[PDB]
Amino acid sequence: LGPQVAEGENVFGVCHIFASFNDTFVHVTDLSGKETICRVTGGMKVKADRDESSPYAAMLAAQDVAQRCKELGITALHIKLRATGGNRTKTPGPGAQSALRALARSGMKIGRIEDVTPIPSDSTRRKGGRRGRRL
Amino acid sequence: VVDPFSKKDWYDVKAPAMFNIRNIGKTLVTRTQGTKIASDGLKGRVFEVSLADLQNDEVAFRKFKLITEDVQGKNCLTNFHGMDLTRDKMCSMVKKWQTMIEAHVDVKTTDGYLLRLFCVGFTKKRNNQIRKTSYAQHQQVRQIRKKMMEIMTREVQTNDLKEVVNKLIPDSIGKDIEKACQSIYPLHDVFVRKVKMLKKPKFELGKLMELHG
Amino acid sequence: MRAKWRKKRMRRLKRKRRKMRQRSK
Amino acid sequence: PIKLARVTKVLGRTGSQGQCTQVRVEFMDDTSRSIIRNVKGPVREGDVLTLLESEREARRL
Amino acid sequence: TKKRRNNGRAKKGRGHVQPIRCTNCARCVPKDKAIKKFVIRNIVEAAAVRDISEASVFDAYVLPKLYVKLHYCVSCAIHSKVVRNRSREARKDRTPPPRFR
RNA sequence: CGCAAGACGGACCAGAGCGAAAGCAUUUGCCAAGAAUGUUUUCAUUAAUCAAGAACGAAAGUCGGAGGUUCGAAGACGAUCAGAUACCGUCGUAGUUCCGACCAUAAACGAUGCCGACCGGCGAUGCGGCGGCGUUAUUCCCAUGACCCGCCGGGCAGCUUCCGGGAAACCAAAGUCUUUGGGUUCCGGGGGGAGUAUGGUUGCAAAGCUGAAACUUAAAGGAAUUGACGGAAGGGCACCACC
Ligand SMILES: [Mg+2]
Ligand SMILES: [Mg+2]
Ligand SMILES: [Mg+2]
Ligand SMILES: [Mg+2]
Ligand SMILES: [Mg+2]
Ligand SMILES: [Mg+2]
Ligand SMILES: [Mg+2]
Ligand SMILES: [Mg+2]
Ligand SMILES: [Mg+2]
Ligand SMILES: [Mg+2]
Ligand SMILES: [Mg+2]
Ligand SMILES: [Mg+2]
Ligand SMILES: [Mg+2]
Ligand SMILES: [Mg+2]
Ligand SMILES: [Mg+2]
Ligand SMILES: [Mg+2]
Ligand SMILES: [Mg+2]
Ligand SMILES: [Mg+2]
Ligand SMILES: [Mg+2]
Ligand SMILES: [Mg+2]
Ligand SMILES: [Mg+2]
Ligand SMILES: [Mg+2]
Ligand SMILES: [Mg+2]
Ligand SMILES: [Zn+2]
């Protein structure tokens, strides 16, 4: 169940890590990004709205997806780190680094890292108004 | 209930003869059940491959988009579809106390491929310069942009796509632009940063087979 | 009282007078 | 695996109440190796620490 | 009583400056007045560097850096302690803090 | 992987530039305008400030058309709370976008009218011009671009000074004021009532301009000093604090 590849060569996939401040996504696709191998979100691990973006949930999701993709026959992953982007923050959430470290722990080989956060040249008006969020 | 990956099959995708390394990885596709042909879903896929994965001694911050055009029995055959630079290279090229000049052209090759080329350059500080900033006046910027546009135009419409990719691999166009613009204002970090495909000719199998050997 | 809101109150009172103190009357 | 390390230099006092001690430790197996660790309890230079998991590192002050 | 000679902004010889949005609270603040900060860091942290360098398929593969431009309003800059209040004499000193060791 | 619409031009972007002020940032073309510099060109007092009278004038708002992505007054909900009719979250109407008519108001601020003369230093910066060793590109040559060292003239500013001012904060102008006179416009007379009432005038409306009195009050207010407080920042100490 998988590619017929010699032991020396590595089968490559692309891992899209979407680290928000509310949730974390670890998605695995082929090199064209059109076929999904496994997608696990931080909300599937923890049964609470607080810990969806926590490093622990990201670590659990990374191990889950690593085992699932190791079953099918993918040994190496390219990394596309993504933030929410747009009008909102460009800084990745707290789960990206933990998810990547956990994915390294599971024996997966790491390809090239690339930032893919969408950056407008200029965009629509941001939510909040003139005075901003007053909390 | 029923495993969706038991009906999947693996294909091997090849790069055109222009690059040294041909095997650029594998891909997955559902088998044909008579309703959907696997070949139809297989075509039209885009792969972003770093140049260091296509040529051994070339830089790694230049990526190429290759699009599958034909399937030959567990062998997807791709063609040139685009070129771009990595995010961190562009983010590190832009600095605060200098001028940036950008240009774009639309040029048609001899074989019908229409391309949109983008070029970027930055003003270079002198070796013994004491002034903090290195700013070019507006007329100098216009002259530099026109020099970029003419050089990019004269290196595409004369050649065809196969020669265009050959010039793009080491990016000789950027070196030509940088050398030609020395007299106006010194420039460093001159590159052709993005290339877009606008119009393709009618698909020809013989052209693809010549492109792959 | 903030001067802006005091001015707004005065304007609303003047408008109320104008509605009551009709030119026809 | 379980590793043994030797305390080379005591760095400082960390913790909300200062309960922990930040020190520099070098592995017995590889004398070239050295990391920074947080220790609970009285510790001085030359003590031997038993690291159950030796990959973790502590954010020094 | 004027507190600063430059009125706390960098506007000289012009009338209007287009406003930007605070990264923290999305408030509208003039670009010259806003507190700007350019952050260049590593995608992977210190421990992640050593964890990843062994699992990479390349030799001496350099990890990409993250470049971010941050804009803050006065309230957010003060609350986040990226900017602090100073003495009446020390307000004039506009040399950046000696971050270079 | 494509398609469609609308709105905005990131990074480069600075105590940098332009404009009478509002204001002005993707490329290219066209159209008219302008400051500064250069001048052994021309006219020869043609000038400065300005009742009356005019052009322009952020945002919001009003009346007709065209579009309506995002945001979003009003509004409906969910939270918080003793109570929220607020701050927070989900939606969402005018509006936010373009064209044609109105409106003429902002902490429209340098809280500082314009023209002219004089009165200390220093280093940068933008434009134009002038001079000069030396590095670079136009394969050679001048010459022209990029640097370097200086000078002059306007411009945005900065540092310093027992120039002198001022209640001081501070100001090379807010100086050259009892040693009080260069020209000229607007404009203030203790604090409230009040920019309110009424009259006049403009506008479709909202409202704009001009603009009192009766009455009430011994203070209101500016700059700085010492304390006390702060759900402000940074340090220090204590087994009547903690670990
Ligand atoms: Mg959440
Ligand atoms: Mg959730
Ligand atoms: Mg607050
Ligand atoms: Mg005050
Ligand atoms: Mg203004
Ligand atoms: Mg500021
Ligand atoms: Mg001006
Ligand atoms: Mg731009
Ligand atoms: Mg008049
Ligand atoms: Mg308007
Ligand atoms: Mg409007
Ligand atoms: Mg209308
Ligand atoms: Mg909304
Ligand atoms: Mg007024
Ligand atoms: Mg102002
Ligand atoms: Mg005024
Ligand atoms: Mg000058
Ligand atoms: Mg200029
Ligand atoms: Mg000059
Ligand atoms: Mg007098
Ligand atoms: Mg009075
Ligand atoms: Mg007690
Ligand atoms: Mg105790
Ligand atoms: Zn803020």
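Quick note on labels: first sequence line is chain A, next is B, and so on, each numbered from 1.
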**Request:** Test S134(B) against every option in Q98(B), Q129(B), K95(B) by the side chain to side chain donor-acceptor pair (under 3.5 Å) rule and name the one that passes.
**Result:** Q129(B)

**Message:** Students often get this wrong, so: under 4.0 angstrom with heavy atoms, is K125(B) touching a base, only sugar-phosphate, or nothing?
**Reply:** nothing

**Asked** If you measure from the P atom in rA58(F) to the same atom in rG100(F), how many Å do you get, rounded?
**Response** 15 Å

**Asked** Is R5(E) touching bases, backbone alone, or none of the nucleic acid, heavy atoms closer than 4.0 Å?
**Response** sugar-phosphate

**Request:** Could you tell me whether the phosphate oxygens of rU136(F), OP1 or OP2, come under 4.0 Å of any side-chain nitrogen or oxygen in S183(B)?
**Result:** no

**Request:** Consider the side chain of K31(E), meaning its heavy atoms from C-beta on, and name the nucleotide among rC13(F), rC147(F), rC12(F) that approaches it most closely.
**Result:** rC13(F)

**Minimum-distance nucleotide (side-chain atoms of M10(C) versus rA146(F), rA25(F), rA194(F))** = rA194(F)

**Asked** Looking across every strand, which nucleic acid part, if any, lies under 4.0 Å from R88(E) by heavy atom: base, sugar-phosphate, or nothing?
**Response** sugar-phosphate

**Prompt:** With nearest nucleotides of RNA chain F determined for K14(C) and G13(E) from heavy-atom distances, which residue corresponds to the more 5′ nucleotide?
**Reply:** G13(E)

**Asked** Does the side chain of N75(B) come under 3.5 Å of the side chain of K14(B) through a donor N or O and an acceptor N or O?
**Response** yes

**Prompt:** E102(B) has an atom CD; how far is it from atom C1' of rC13(F), in whole Å?
**Reply:** 14 Å

**Asked** Can you check the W97(B) CH2 to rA124(F) P distance for me, whole Å?
**Response** 17 Å

**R134(A) side-chain N/O to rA86(F) phosphate OP1/OP2 under 4.0 Å** = no

**Prompt:** Starting at the 5' end of RNA chain F, which residue's closest nucleotide do you reach first, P186(B) or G15(E)?
**Reply:** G15(E)

**Request:** Ignoring backbone atoms, test whether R21(C) places a side-chain nitrogen or oxygen under 4.0 Å from the OP1 or OP2 oxygen of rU198(F).
**Result:** yes

**Message:** Any base atoms under 4.0 Å from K179(B), or only sugar-phosphate, or nothing? Heavy atoms, all strands.
**Reply:** nothing

**Fill in**
Rounded to whole Å, the NZ-P distance (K3(E) to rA223(F)) equals 14 Å

**Request:** Determine the contact category for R21(E): base if any of its heavy atoms lies under 4.0 Å from a base atom, sugar-phosphate if only primed atoms, P, OP1 or OP2 are that close, otherwise nothing.
**Result:** nothing

**Request:** Would you kindly give the CZ-to-P distance between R126(B) and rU136(F), to the nearest whole Å?
**Result:** 9 Å

**Asked** Expressed in angstrom and rounded to an integer, what is the separation of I130(B) atom CD1 from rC147(F) atom P?
**Response** 12 Å

**Prompt:** Counting side-chain heavy atoms from CB outward, which of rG158(F), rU69(F), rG128(F) is closest to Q137(B)?
**Reply:** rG128(F)

**Request:** May I ask you to evaluate whether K124(B) reaches the phosphate of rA146(F), defined as a side-chain N or O under 4.0 Å from OP1 or OP2?
**Result:** no

**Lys NZ or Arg CZ of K132(B) over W97(B) ring: under 6.0 Å, within 45°** = yes

